[PDB]
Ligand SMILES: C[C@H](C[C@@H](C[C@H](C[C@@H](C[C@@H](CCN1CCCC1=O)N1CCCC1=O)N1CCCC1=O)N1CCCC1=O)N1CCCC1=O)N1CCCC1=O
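Given as structure tokens, the chain that follows is alone and in the form solved without the named molecule.
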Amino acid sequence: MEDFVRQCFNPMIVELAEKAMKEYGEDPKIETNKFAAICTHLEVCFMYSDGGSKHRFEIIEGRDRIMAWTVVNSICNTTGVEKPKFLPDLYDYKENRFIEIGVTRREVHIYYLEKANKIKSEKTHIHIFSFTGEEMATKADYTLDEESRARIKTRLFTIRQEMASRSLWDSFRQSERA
């Protein structure tokens, strides 16, 4: 599965995932399922931000902590929206709201509730994807057009199928916790 991650994801995504794991004392070569999950969430965040028009989204995920908060605090001062307690994943300039992106190996409704209870940021918009084409967004408001969403869901399904063809999926599928 370490080989799978390194050939499947772009090298900057892989480097970011490695850093994120090591910042919590985890070895990407050992906790390989976690390695893959972080890479997938990152790739989805980047795909999401490419989904609209140029300049529609600001990417917050994937930045070091100081720059990420400089972006958040800047947006809050420029648009007046409330400052979140946790770093979200994107800001949407069209809808003027932060977005929290979730990618789950379990079911989208359970993950949605968990995310909602965890952030408790009434104003942050939540959008969840699964590896089997399901999604769940706040107020059933999905932000992107169906073509963009289809691209994301299609990529997640491809990853899922690739893992399965290597007998890695069932270990990966059961590795997520609440």
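Numbers follow the displayed sequence, beginning with 1. Think of the rigid core as the biggest set of C-alphas that the two forms share within 1.5 Å after superposition.
The following text describes the form deposited with the named molecule bound, which does not appear among the structures shown.
Residue 10 belongs to the set of residues with a heavy atom inside 4.5 Å of the named molecule in the entry with it bound.
The shortest heavy atom separation between residue 59 and the named molecule in the entry with it bound is within 4.5 Å.
Although the partner is absent from this view, residue 142 stays clear of the named molecule in the entry with it bound, with no non-hydrogen atom inside 4.5 angstroms. Taking non-hydrogen atoms only, residue 16 approaches the named molecule to within 4.5 angstroms in the entry with it bound. In the entry with it bound, not one residue of 85 to 114 has a heavy atom within 4.5 Å of the named molecule. Core-superposed comparison between the shown form and the other one: the CA of residue 23 exceeds or equals a 2 Å shift.
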